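K.L.:
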Ligand code: HEC
Ligand code: HEC
Ligand SMILES: O=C1O[C@H]([C@@H](O)CO)C(O)=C1O
Ligand SMILES: O=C1O[C@H]([C@@H](O)CO)C(O)=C1O
Ligand SMILES: O=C1O[C@H]([C@@H](O)CO)C(O)=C1O
Ligand SMILES: O=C1O[C@H]([C@@H](O)CO)C(O)=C1O
Ligand SMILES: O=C1O[C@H]([C@@H](O)CO)C(O)=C1O
Ligand SMILES: O=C1O[C@H]([C@@H](O)CO)C(O)=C1O
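Chains as they are written, first to last, in the authors' numbering: chain A, 2 to 135; chain A', 2 to 135. A prime marks a further copy of an entry chain.
(1) Got a sec: does ligand 1 put a non-hydrogen atom nearer than 8 Å to the Cβ of residue 56(A)?
(2) Output, in sequence order along the chain, the residues in the region 30-55 of chain A' whose CB is closer than 8 Å to any CB in chain A.
(3) In the DSSP assignment, the alpha helix (DSSP H) including residue 59(A) goes from what residue to what residue?
(4) Quick check on residue 69(A'): does DSSP put it in helix, strand or coil?
(5) For residue 105(A'), decide whether its Cβ has a neighbour in chain A, counting only Cβ atoms nearer than 9 Å.
(6) Could you say if the region 86-93 of chain A and the region 76-86 of chain A' meet the contact criterion of at least three C-beta pairs nearer than 8 Å?
(7) Report back the beta-carbon spacing between residue 42(A') and residue 19(A') to the nearest angstrom; my notes put them in contact at under 8 Å.
(8) Which of the three DSSP states, helix, strand or coil, is assigned to residue 88(A)?
(9) Please check if any C-beta of chain A' sits within less than 9 Å of the C-beta of residue 4(A).
(10) Kindly say whether residue 72(A), judged by its beta-carbon, lies nearer than 9 Å to any beta-carbon of chain A'.
(11) Would residue 71(A) and residue 13(A) be called neighbours here (beta carbons separated by less than 9 Å)?
(12) How would you list, in chain order, the residues of chain A whose beta-carbon sits under 8 Å from the beta-carbon of residue 10(A')?
(13) According to the neighbour-count rule (16 or more other Cβ atoms, all chains shown, within 10 Å of its Cβ), is residue 79(A') buried or exposed?
(14) What residue ranges within the region 29-58 of chain A form continuous alpha helix (DSSP H) runs of no fewer than 4 residues, ordered along the chain?
(15) Using DSSP bridges, identify the partner residues of residue 139(A).
(16) Can you give me, in chain order, the residues of the region 62-96 of chain A that have a beta carbon less than 9 Å from any beta carbon in chain A'?
(17) Give the single residue among 128(A'), 105(A') and 109(A') whose Cα lies nearest to the Cα of residue 23(A').
(18) Give the secondary structure of residue 115(A') by DSSP, where H, G and I count as helix, E and B as strand, and everything else as coil.
(19) In its own chain, which residues sit with a C-beta less than 8 Å from the C-beta of residue 108(A), not counting the 5 before and 5 after it?
(20) Under 8 Å: does the beta carbon of residue 125(A) sit that close to some heavy atom of ligand 4?
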């Protein structure tokens, strides 16, 4: 199976990959710091949905607490104490990510901006709660 | 725009995310060390295709040579000298990744194994050529 170090690397890599693709959508539909491209915004949305559906629950186990992947894990132990809250936030994130990829395929900038805002809220719902602040 | 350090982190994260998802397909259709799941193999294929289509060419510029992302970049300078060879290998990889996601949606283990083998060859075609060995 996967060593703890690999579980942490693979989840840090997955989240960092989503963050690159989230920044590209933000640049094109929120900040206008990149030209709007239907192809590029859809491609970025599709990465977020695919990773959201990739079964990242397999990368979460107690033996990953405090373990270095690319860097020391920022997972808080309360993740293992609050499984009802984790299920609520995770299922919400998958639903919002799926919707973003659906909207971004042919949606206009304002439709995408609305769906993107719901995904951003879903990402943020793990902050301070399950991820150590920095 | 993106600092060199961010370009290296985002490309290292993208490749590591594909490697996690490639390992899951290998376990289910090549080594039989994980139970075959149509849902899970399709989800893993969809991550690889989505990242392959994510425009990772934006993360490649000469000012990323020798720069630390998660770790010091393993990009070789000959990437910038061999753009015809890079275009051949990159377009091949996108084509094979798209085909893997198409096959993995309803394909059987042997169909997926064949498409997965073509993607593995496409990943390997950047080795020693554009990525430093270790
Ligand atoms: C809880 C169910 C989460 C959801 C939904 C998202 N993230 Fe997250 N993120 C979470 C944890 C517990 C951690 C720490 C991982 C570790 O082991 O250290 C993170 C981390 C990140 C990071 C930093 C990654 C790194 O290289 O170290 C980023 C950039 C990040 N997360 C972004 C992010 C985005 C963009 C999300 C929505 C698309 C998202 N996360 C969801 C917990 C959760
Ligand atoms: C050339 C067009 C590439 C293709 C196609 C793939 N990879 Fe690759 N990979 C490449 C470079 C130039 C590098 C170095 C990146 C850097 O800046 O250091 C890599 C790196 C990886 C890594 C290590 C990532 C890390 O955390 O440091 C892995 C695990 C990796 N690559 C895997 C991989 C897979 C599975 C691919 C096909 C699905 C794949 N790569 C394609 C160049 C190229
Ligand atoms: O590191 C971070 O991860 C999340 C996500 O938004 C990534 O962009 C966040 O809010 C950060 O500053
Ligand atoms: O606007 C954004 O919100 C998401 C989310 O991660 C918020 O934390 C993200 O990374 C963006 O670019
Ligand atoms: O790295 C960060 O730490 C805090 C917190 O959200 C982490 O959970 C924050 O807002 C960041 O961007
Ligand atoms: O680090 C590696 O990256 C490629 C890829 O196969 C990832 O699994 C490879 O062959 C490695 O050992
Ligand atoms: O069998 C595999 O091949 C790919 C490719 O990266 C080969 O280098 C990979 O990572 C696998 O699990
Ligand atoms: O890390 C590795 O270095 C060599 C080379 O392929 C890198 O380009 C190899 O086969 C690995 O798995």
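All C-beta atoms, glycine included, are put in the ideal place defined by N, C-alpha and C.
P.N.:
From the atom records:
(1) Checking every heavy atom of ligand 1 against the Cβ of residue 56(A), none is found closer than 8 Å.
(2) 41, 44, 45, 47, 48, 50, 51, 52, 54 and 55
(3) No alpha helix (DSSP H) contains residue 59(A), which DSSP labels as neither H nor E.
(4) strand
(5) So no, residue 105(A') is outside the interface.
(6) no
(7) The pair is not a contact, with the Cβ atoms about 15 Å apart (cut-off 8 Å).
(8) helix
(9) no
(10) yes
(11) yes
(12) 17
(13) By the neighbour-count definition (other C-beta atoms within 10 Å, threshold 16), residue 79(A') is an exposed residue.
(14) 39-53
(15) Any question about residue 139(A) goes unanswered here, given that chain A covers just 2 to 135.
(16) 70, 71 and 72
(17) 105(A')
(18) helix
(19) 116
(20) yes
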